[PDB]
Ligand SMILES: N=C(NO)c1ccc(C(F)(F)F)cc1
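Heads up, the chain below is alone and in the form deposited without the named molecule; it's given as structure tokens.
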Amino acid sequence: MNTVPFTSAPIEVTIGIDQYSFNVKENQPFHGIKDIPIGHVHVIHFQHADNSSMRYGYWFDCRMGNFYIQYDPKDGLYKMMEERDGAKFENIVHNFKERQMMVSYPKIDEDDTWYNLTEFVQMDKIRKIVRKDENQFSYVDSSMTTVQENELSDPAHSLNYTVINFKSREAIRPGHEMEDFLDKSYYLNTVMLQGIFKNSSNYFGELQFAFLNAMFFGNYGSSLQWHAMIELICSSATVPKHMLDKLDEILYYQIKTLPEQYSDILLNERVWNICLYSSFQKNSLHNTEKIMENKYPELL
């Protein structure tokens, strides 16, 4: 198990670690999070008590380095940093653990939620969507725009998701206009999977990362990307059976984890009604259809 210590907590803040959230009071003796499961990416995120504007946070993998959080009173935020001195880091952590000034990542043994939400998410792929090569961890916030949002303004601070546009020359072969617009299989299988993503695992990884940024930061462009990647599959007549079965699992766990009270801002009624009831794959997502009908029947 790994640990992300905090130097201190000078401002009152709600801290989230993956799907869990907890409050810290101004100048509370809080010095970090321990028992973080090795083997997955993680996200540590923040919403200030005195200014719920800008949710922000950091994606990281404790296998890549020793990371800690320290508040910056000039830029006014909790910043992730890497500690290259290993013995210093271990000694800091050991003292904070002995004084019991850390919270424990409260993973229930039976509970596979975080694995199920991050199955295909890799830190190396995150670092290509979020470009800041001098750090091993990636900062995301609620306001960051996507490369596609910008085309329609600072490029260094953008989310470089793969652009999906159903009415673009990339999506439509000259001479196959009706075919490719009504059946997106070409665009999914040749352009996106074989061409850009190389395999379905990388495609699902980006889909999962987009959902998580939408949910944890309220990042609108990420929500747009998540829905576009779902619609591209559901609107394709020819999809490998293993991808359809995996998508049903992915979406089921996403819908299961979504806060009920955020469904109005995180779920696109058009896309979901199309995907579940009109699309080529309307009958291939049994688990997702069942949870959607029981949890959010108003949206449908």
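When you see a residue number, it is the position in the sequence shown, counting from 1. Definition used throughout: the rigid core is the maximal C-alpha set that superposes within 1.5 Å between two forms.
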Please work out whether 83-91 or 186-194 has the higher root mean square C-alpha deviation in 9 other deposited structures of this protein relative to the shown form, with the rigid core as fitting region?
83-91
Which of 99-107 and 211-219 lies farther from this form in 9 other deposited structures of this protein, as RMS of C-alpha positions after a rigid core fit:
99-107
Using the PDB record, quantify the missing residues of the deposited sequence between residue 152 and residue 153 as none, 1 to 3, 4 to 9, or 10 or more.
4 to 9
Higher average CA B factor in the deposited record is what I'm after, so tell me if that's 12-20 or 275-283.
275-283
If you take the mean CA temperature factor per stretch, which one wins between 87-95 and 181-189?
87-95
Just to confirm, going by the entry's C-alpha B-factors, which of 76, 205, 218, 195 comes out highest?
195
Most elevated Cα B-factor in the entry, residues 108, 140, 229, 121
108
In terms of the chain's CA B-factor thirds, is residue 43 lowest, middle or highest?
lowest
Lowest, middle or highest third - CA B-factor, residue 156
highest
Please place residue 234 in the lowest, middle or highest third of its chain according to the CA B-factor in the PDB entry.
middle
Third of chain Cα B-factors occupied by residue 135
middle
Taking the C-alpha B-factors as the PDB entry records them, is residue 52 in the lowest, middle or highest third of its chain?
lowest
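This protein has a second form, the form solved in complex with the named molecule, left out of what is shown; the following refers to that one.
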From 189, 136, 158, 202: within 4.5 Å of the named molecule in the deposited complex by heavy atoms is 202
Answer with yes or no whether residue 183 is in contact with the named molecule in the deposited complex, where contact means some heavy atom within 4.5 Å.
no
Can residue 126 be called a contact residue for the named molecule in the deposited complex at 4.5 Å between heavy atoms?
yes
Does residue 7 reach the named molecule in the deposited complex if we count a contact as any heavy atom within 4.5 Å?
yes
Is residue 238 close enough to the named molecule in the deposited complex to count, meaning some heavy atom within 4.5 Å?
no
At a 4.5 angstroms cut-off on non-hydrogen atoms, which residues of 220-259 are near the named molecule in the deposited complex? List them in order.
none
